[PDB]
2 protein chains.
Amino acid sequence: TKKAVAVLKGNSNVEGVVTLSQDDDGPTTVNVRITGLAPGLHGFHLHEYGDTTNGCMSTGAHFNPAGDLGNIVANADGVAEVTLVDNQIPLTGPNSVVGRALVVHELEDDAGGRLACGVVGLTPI
Amino acid sequence: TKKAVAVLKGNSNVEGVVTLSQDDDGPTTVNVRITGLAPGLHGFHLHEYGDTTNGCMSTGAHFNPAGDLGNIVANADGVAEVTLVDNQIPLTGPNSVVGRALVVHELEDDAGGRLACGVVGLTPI
Ligand SMILES: [Zn+2]
Ligand SMILES: [Zn+2]
């Protein structure tokens, strides 16, 4: 019933797309496909600002109305493809993540540099 | 007081930054700086979806639920720097443009190709 998407890019080879879906006020399903990553674990976070004026550093700190979506795993080919179900990622209401940012980190979830990021935007239901 | 920003990019030479500011429920101040434009008038619109998975076409239609910000003017050097005031751009509430898209068009306000676009995101202050 509510959907969002983020296109991730940064000052690196890392690119991808994340789709988010939430039915009513239930859990948010997050579909991740990110390429160009070093094989292994990468922290995956919601950060507070949908601001990329200064690259991924403009996105501020992790979002804490919560912001930690855990690790995503890149395979030998640099691809991280996974579906997550996270209950703390509203698409509506006071704590909505719409207009905030998703960031993929260089190192495993505590972090390292912010490899890529994208603003969370509304998308057709 | 709420603020938003959009970084605009597209399949073209056009890029820039737009900030939006709103106090209580009143008029929204829009600060524009876009470069790489052909000199003259360019349609400047709010579109429905902050979805750039298919470039600027995936932002959908111009959004009203208002979405027509009029023209911006690119100077001899392709720079359009202007401050607009618009009372149809909520940054809060049911009609928030947060998570939607700003689009700059090839031609004067209908508007030809979508030269550049960006997702409207939250930013400090
Ligand atoms: Zn982080
Ligand atoms: Zn338009």
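Letters A, B, ... are given to chains in the order of the sequence lines, protein chains preceding strands, and every chain is numbered from 1. In listed order, ligands and their atoms are each counted from 1.
- Surrounding NZ of A:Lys9 are at most 12 heavy atoms belonging to other residues, nucleotides or ligands under 6.0 Å away.
- When you scan the N, O or S atoms of A:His45 for the one nearest the Zn ion (ligand 1), you land on ND1.
- Partner of A:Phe44 under the side-chain contact (heavy atoms from CB on, under 4.5 Å) criterion, out of A:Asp68, A:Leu102, A:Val82: A:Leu102 alone.
- Between B:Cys117 and B:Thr52 the shortest heavy-atom distance is SG-CG2, 4.1 Å.
- When the Zn ion (ligand 1) is compared with the N/O/S atoms of A:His47, atom NE2 turns out nearest.
- Residue contacts to the Zn ion (ligand 2): B:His62 brings no N, O or S atom closer than 2.8 Å.
- Between A:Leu115 and A:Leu37 there is a side-chain heavy-atom pair separated by less than 4.5 Å.
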